[PDB]
């Protein structure tokens, strides 16, 4: 109510709007316009957002952690409440270490929905206070992925519409 600190610290649920801090994990190898759109839309409705970049994915990425983090930072510089960071644990454990209460997930295809539901159940088991929030990609970006853009780019297809200029130039550099 006012000086209620002496009586209670406060619960998360049932009591109105709490501070929100979101993580948006992925490999971002490299960040595409689809990613930027998602994080832009998240940053608009949550207090803070961390773009969390997986340091050691399963498949060796085309860009190293240091390149991924630098490229996303530049592309996201225009969002004042977004911070880019690397991580190397369960998104849940990083989330806890970061005191995040929102996990952002992009929801691109029907194929993924079953996996996303399962991951979310597991994440609720791991970190009950972590709420997963799902955003569909803009129509513009619904078919693109980092994977697809790299493979089109390797064979010289035009991918300028899908990447920020800083990433597109880095990408060309990687491909000779």
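Residue numbers count along the first chain shown, from 1. Heads up, when I say rigid core I mean the largest set of C-alphas that superpose within 1.5 Å between the two forms.
- Superposing each structure in 7 other deposited structures of this protein on the rigid core shows that the farther-lying of 109-117 and 122-130, by root-mean-square Cα distance, is 109-117.
- Remark: stretch with higher mean C-alpha B factor among 43-51 and 115-123 is 115-123.
- Look at the C-alpha B-factors of 31-39 and of 124-132. On average they run higher in 124-132.
- Out of 149, 62, 110, 70, the entry records its largest CA B-factor for 110.
- Per the deposited record, the Cα B-factor of residue 166 falls in the lowest third when ranked against the other modelled residues of its chain.
- In the deposited entry, the Cα temperature factor of residue 57 places it in the highest third of its chain's modelled residues.
- Per the deposited record, the Cα B-factor of residue 20 falls in the lowest third when ranked against the other modelled residues of its chain.
- Sort the modelled residues of the chain by CA B factor and residue 102 lands in the lowest third.
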